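Chemist: Quick one: structure below, then a few questions.
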Amino acid sequence: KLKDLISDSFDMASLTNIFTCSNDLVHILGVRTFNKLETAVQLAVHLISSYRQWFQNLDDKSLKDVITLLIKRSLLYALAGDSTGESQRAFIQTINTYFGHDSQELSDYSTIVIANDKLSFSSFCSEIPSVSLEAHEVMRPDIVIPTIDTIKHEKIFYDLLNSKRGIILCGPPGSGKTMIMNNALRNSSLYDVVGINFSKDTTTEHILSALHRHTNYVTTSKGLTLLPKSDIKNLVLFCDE
């Protein structure tokens, strides 16, 4: 049922225009759409399967709506996830134009959250509380001011990480990329961070030693030797620069 809904949810006649418009866009670390397709499909399928038991009680219209919204978000963050904020917004407008208008419209910060005691869906935007600081807390190297963009980036970073594919965080210096990664992975207790600071000269032996610091070799009759880690909690080999 879910695979039929995914296949019937998006049709290539609509997506040709989306891909062509994606080509007409400035891309930092530019990669051809033929390669971004893997990220788009993987993220879309992971997002759709993350709620695969909460569609049974949902009517088919709303099921199609939620599938289309997830597809739109994955396409946005794969095709145009490496562009400027304004370019992304233009791409939400493009996606909403080219997809059918009978589906839920992706917004700048559209998200899906749900309670099992009271079934909830549809787009939720600007639900971050505002906090005021004391006078003596103006500048310390420990104070973060959460905004809509920071929450959005943490959410999409976590969603990409849960899809089992690598993430490259491109940004100007002092944009808090490691800050976003730390706040995204410290809230959950399923990923372990092993940071590596790349230098001008770096050998594979550094990566191997860092992995061996946290990971334990195993030997099996099938699969020969494998390299798990110590615990069930997953690993993240964050390699900066």
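By convention in this document, the chains of the structure tokens carry letters A, B, ... by their order, each chain's residues are numbered from 1, and ligands are numbered from 1 in the order they are shown.
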Taking only residues of stretch 71-116 of chain A that have an atom at most 10 Å from an atom of stretch 147-155 of chain A, what is each one's shortest atom pair and its distance in Å to one decimal, using only C-alpha atoms, in chain and number order, as JSON lines?

Modeler:
{"residue": "A:85", "atom": "CA", "partner": "A:149", "partner_atom": "CA", "distance": 9.5}
{"residue": "A:108", "atom": "CA", "partner": "A:152", "partner_atom": "CA", "distance": 9.4}
{"residue": "A:109", "atom": "CA", "partner": "A:152", "partner_atom": "CA", "distance": 7.0}
{"residue": "A:110", "atom": "CA", "partner": "A:152", "partner_atom": "CA", "distance": 9.4}
{"residue": "A:111", "atom": "CA", "partner": "A:152", "partner_atom": "CA", "distance": 9.0}

Chemist: Give me, as a ChimeraX atom specification, all polymer residues having an atom no more than 10 Å from residue A:239, counting only C-alpha atoms and skipping those fewer than 3 positions away in the same chain.

Modeler: /A:168,178,194-198,207,236

Chemist: With only C-alpha atoms as the counted atoms, please give the residues lying no more than 10 Å from residue A:165, apart from itself and same-chain residues fewer than 3 positions off, as number ranges by chain.

Modeler: A: 38-39, 42-43, 160-162

Chemist: Emit the selected residues as a PDB file, in the first residue's frame, including N, CA, C and O atoms.

Modeler:
ATOM      1  N   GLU A  38      19.587  10.411  -5.649  1.00  0.00           N
ATOM      2  CA  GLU A  38      19.711   9.397  -4.608  1.00  0.00           C
ATOM      3  C   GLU A  38      19.323   9.963  -3.254  1.00  0.00           C
ATOM      4  O   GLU A  38      18.567   9.340  -2.500  1.00  0.00           O
ATOM      5  N   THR A  39      19.833  11.151  -2.929  1.00  0.00           N
ATOM      6  CA  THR A  39      19.473  11.789  -1.670  1.00  0.00           C
ATOM      7  C   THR A  39      17.981  12.067  -1.607  1.00  0.00           C
ATOM      8  O   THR A  39      17.338  11.806  -0.583  1.00  0.00           O
ATOM      9  N   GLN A  42      16.086   8.648  -1.141  1.00  0.00           N
ATOM     10  CA  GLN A  42      16.374   8.029   0.148  1.00  0.00           C
ATOM     11  C   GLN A  42      15.710   8.793   1.283  1.00  0.00           C
ATOM     12  O   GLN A  42      15.062   8.197   2.153  1.00  0.00           O
ATOM     13  N   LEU A  43      15.849  10.122   1.287  1.00  0.00           N
ATOM     14  CA  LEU A  43      15.245  10.918   2.347  1.00  0.00           C
ATOM     15  C   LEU A  43      13.727  10.835   2.304  1.00  0.00           C
ATOM     16  O   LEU A  43      13.079  10.724   3.351  1.00  0.00           O
ATOM     17  N   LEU A 160      18.268  13.671   7.752  1.00  0.00           N
ATOM     18  CA  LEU A 160      19.253  13.138   6.816  1.00  0.00           C
ATOM     19  C   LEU A 160      20.113  12.070   7.472  1.00  0.00           C
ATOM     20  O   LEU A 160      20.420  11.046   6.852  1.00  0.00           O
ATOM     21  N   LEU A 161      20.514  12.290   8.726  1.00  0.00           N
ATOM     22  CA  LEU A 161      21.344  11.313   9.419  1.00  0.00           C
ATOM     23  C   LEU A 161      20.609   9.993   9.600  1.00  0.00           C
ATOM     24  O   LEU A 161      21.195   8.920   9.426  1.00  0.00           O
ATOM     25  N   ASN A 162      19.323  10.050   9.949  1.00  0.00           N
ATOM     26  CA  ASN A 162      18.550   8.828  10.129  1.00  0.00           C
ATOM     27  C   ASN A 162      18.298   8.087   8.824  1.00  0.00           C
ATOM     28  O   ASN A 162      17.861   6.933   8.866  1.00  0.00           O
TER      29      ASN A 162
END

Chemist: Just asking: which residues within stretch 24-236 of chain A are alpha helix (DSSP H) according to DSSP, as an NGL selection string?

Modeler: :A and (33-49 or 60-79 or 85-98 or 148-162 or 177-186 or 204-214)

Chemist: Might you pull out every residue within 8 Å of residue A:181, with only C-alpha atoms counted and same-chain residues fewer than 4 positions away left off, and present them as a PyMOL selection string?

Modeler: chain A and resi 154+157+177+185

Chemist: For those residues, write N, CA and C atoms to a file as a PDB file, in the first residue's frame.

Modeler:
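Contents of out_0.pdb, freshly written:
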ATOM      1  N   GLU A 154      18.654  21.839  12.391  1.00  0.00           N
ATOM      2  CA  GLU A 154      18.818  20.669  13.250  1.00  0.00           C
ATOM      3  C   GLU A 154      17.863  19.555  12.846  1.00  0.00           C
ATOM      4  N   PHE A 157      19.038  18.040   9.525  1.00  0.00           N
ATOM      5  CA  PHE A 157      20.260  17.275   9.741  1.00  0.00           C
ATOM      6  C   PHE A 157      19.954  15.935  10.386  1.00  0.00           C
ATOM      7  N   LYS A 177      28.179  25.337  12.345  1.00  0.00           N
ATOM      8  CA  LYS A 177      27.850  24.023  11.802  1.00  0.00           C
ATOM      9  C   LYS A 177      28.066  22.934  12.845  1.00  0.00           C
ATOM     10  N   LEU A 185      22.586  16.230  17.956  1.00  0.00           N
ATOM     11  CA  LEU A 185      22.885  14.876  18.404  1.00  0.00           C
ATOM     12  C   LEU A 185      22.928  14.715  19.917  1.00  0.00           C
TER      13      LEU A 185
END

Chemist: Between A:102, A:118, A:206, A:19, which has the minimum distance to residue A:62 (counting only C-alpha atoms)?

Modeler: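 Distance minimum relative to residue A:62 lands on A:102.
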
Chemist: Would you kindly return, as an mmCIF file with C-alpha atoms, in the first residue's frame, each protein, DNA or RNA residue with an atom no farther than 10 Å from any atom of residue A:234, considering only C-alpha atoms and excluding same-chain residues fewer than 4 positions away?

Modeler:
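Written output follows (part_3.cif):
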data_model
loop_
_atom_site.group_PDB
_atom_site.id
_atom_site.type_symbol
_atom_site.label_atom_id
_atom_site.label_comp_id
_atom_site.auth_asym_id
_atom_site.auth_seq_id
_atom_site.Cartn_x
_atom_site.Cartn_y
_atom_site.Cartn_z
ATOM 1 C CA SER A 189 20.746 9.212 22.850
ATOM 2 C CA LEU A 190 21.268 7.140 19.704
ATOM 3 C CA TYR A 191 24.325 8.726 18.025
ATOM 4 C CA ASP A 192 27.885 9.118 19.315
ATOM 5 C CA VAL A 193 30.041 11.928 17.941
ATOM 6 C CA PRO A 228 31.031 -2.565 14.870
ATOM 7 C CA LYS A 229 31.520 -0.211 17.784
ATOM 8 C CA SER A 230 31.336 -0.707 21.533
#

Chemist: Separation of atom CA of residue A:5 and atom CA of residue A:123, in Å?

Modeler: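 About the pair atom CA of residue A:5 and atom CA of residue A:123: they are 20.2 Å apart.
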
Chemist: At what distance in Å, to one decimal, does atom CA of residue A:2 lie from atom CA of residue A:80?

Modeler: 26.0 Å

Chemist: Near residue A:144, within 12 Å and counting only C-alpha atoms, which residues show up once chain neighbours fewer than 5 positions away are dropped, as a list in words?

Modeler: residues 131, 132, 133, 137, 138, 139, 150, 151, 175, 176, 179, 180, 182 and 183 of chain A

Chemist: Dump N, CA, C and O atoms for the selected residues as a PDB file, in the first residue's frame?

Modeler:
ATOM      1  N   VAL A 131      13.172  33.737  24.213  1.00  0.00           N
ATOM      2  CA  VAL A 131      13.810  33.814  25.521  1.00  0.00           C
ATOM      3  C   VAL A 131      14.641  35.087  25.591  1.00  0.00           C
ATOM      4  O   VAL A 131      15.293  35.471  24.614  1.00  0.00           O
ATOM      5  N   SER A 132      14.597  35.750  26.744  1.00  0.00           N
ATOM      6  CA  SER A 132      15.391  36.941  27.006  1.00  0.00           C
ATOM      7  C   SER A 132      16.468  36.614  28.031  1.00  0.00           C
ATOM      8  O   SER A 132      16.235  35.844  28.969  1.00  0.00           O
ATOM      9  N   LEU A 133      17.645  37.200  27.847  1.00  0.00           N
ATOM     10  CA  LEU A 133      18.803  36.912  28.673  1.00  0.00           C
ATOM     11  C   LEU A 133      18.988  37.999  29.727  1.00  0.00           C
ATOM     12  O   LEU A 133      18.391  39.076  29.666  1.00  0.00           O
ATOM     13  N   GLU A 137      24.921  38.082  30.752  1.00  0.00           N
ATOM     14  CA  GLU A 137      25.055  36.937  29.863  1.00  0.00           C
ATOM     15  C   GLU A 137      25.111  37.356  28.398  1.00  0.00           C
ATOM     16  O   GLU A 137      24.716  36.590  27.516  1.00  0.00           O
ATOM     17  N   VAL A 138      25.592  38.569  28.124  1.00  0.00           N
ATOM     18  CA  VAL A 138      25.578  39.071  26.753  1.00  0.00           C
ATOM     19  C   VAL A 138      26.525  38.267  25.871  1.00  0.00           C
ATOM     20  O   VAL A 138      26.148  37.816  24.785  1.00  0.00           O
ATOM     21  N   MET A 139      27.763  38.062  26.317  1.00  0.00           N
ATOM     22  CA  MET A 139      28.714  37.299  25.512  1.00  0.00           C
ATOM     23  C   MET A 139      29.459  36.322  26.407  1.00  0.00           C
ATOM     24  O   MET A 139      30.193  36.733  27.312  1.00  0.00           O
ATOM     25  N   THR A 150      17.773  27.809  12.884  1.00  0.00           N
ATOM     26  CA  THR A 150      18.575  26.830  13.611  1.00  0.00           C
ATOM     27  C   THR A 150      17.783  25.555  13.872  1.00  0.00           C
ATOM     28  O   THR A 150      18.288  24.445  13.674  1.00  0.00           O
ATOM     29  N   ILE A 151      16.530  25.697  14.307  1.00  0.00           N
ATOM     30  CA  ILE A 151      15.691  24.528  14.558  1.00  0.00           C
ATOM     31  C   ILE A 151      15.461  23.755  13.268  1.00  0.00           C
ATOM     32  O   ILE A 151      15.511  22.519  13.246  1.00  0.00           O
ATOM     33  N   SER A 175      29.715  29.801  11.260  1.00  0.00           N
ATOM     34  CA  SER A 175      28.277  29.682  11.077  1.00  0.00           C
ATOM     35  C   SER A 175      27.656  28.646  12.000  1.00  0.00           C
ATOM     36  O   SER A 175      26.476  28.318  11.839  1.00  0.00           O
ATOM     37  N   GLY A 176      28.421  28.120  12.950  1.00  0.00           N
ATOM     38  CA  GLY A 176      27.906  27.175  13.926  1.00  0.00           C
ATOM     39  C   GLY A 176      27.477  25.837  13.363  1.00  0.00           C
ATOM     40  O   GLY A 176      26.509  25.249  13.856  1.00  0.00           O
ATOM     41  N   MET A 179      28.145  23.551  15.969  1.00  0.00           N
ATOM     42  CA  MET A 179      27.140  23.885  16.975  1.00  0.00           C
ATOM     43  C   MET A 179      25.807  23.214  16.660  1.00  0.00           C
ATOM     44  O   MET A 179      25.179  22.605  17.537  1.00  0.00           O
ATOM     45  N   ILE A 180      25.370  23.300  15.401  1.00  0.00           N
ATOM     46  CA  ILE A 180      24.121  22.662  14.997  1.00  0.00           C
ATOM     47  C   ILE A 180      24.214  21.152  15.150  1.00  0.00           C
ATOM     48  O   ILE A 180      23.280  20.506  15.637  1.00  0.00           O
ATOM     49  N   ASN A 182      26.142  19.440  17.216  1.00  0.00           N
ATOM     50  CA  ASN A 182      26.166  19.101  18.634  1.00  0.00           C
ATOM     51  C   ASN A 182      24.774  19.185  19.242  1.00  0.00           C
ATOM     52  O   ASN A 182      24.351  18.282  19.972  1.00  0.00           O
ATOM     53  N   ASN A 183      24.042  20.262  18.952  1.00  0.00           N
ATOM     54  CA  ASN A 183      22.707  20.388  19.528  1.00  0.00           C
ATOM     55  C   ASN A 183      21.720  19.412  18.901  1.00  0.00           C
ATOM     56  O   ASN A 183      20.713  19.068  19.528  1.00  0.00           O
TER      57      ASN A 183
END

Chemist: Could you check which of A:84, A:54, A:94, A:224 is closest to residue A:172, using only C-alpha atoms?

Modeler: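 Of A:84, A:54, A:94, A:224, the one nearest residue A:172 is A:84, counting only C-alpha atoms.
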
Chemist: Would you mind telling me which residue in A:16, A:187, A:114, A:79 lies nearest to residue A:37 when using only C-alpha atoms?

Modeler: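 That would be A:79, the residue with the smallest distance to residue A:37.
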
Chemist: What is the atom CA of residue A:47 to atom CA of residue A:159 distance in Å?

Modeler: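 Those two atoms sit 7.4 Å apart.
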
Chemist: Considering only strand (DSSP E or B) as DSSP defines it on the backbone, what residues of stretch 37-196 of chain A qualify? List them as a list in words.

Modeler: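 Strand (DSSP E or B) assignments inside stretch 37-196 of chain A correspond to residues 191, 192, 193 and 196 of chain A.
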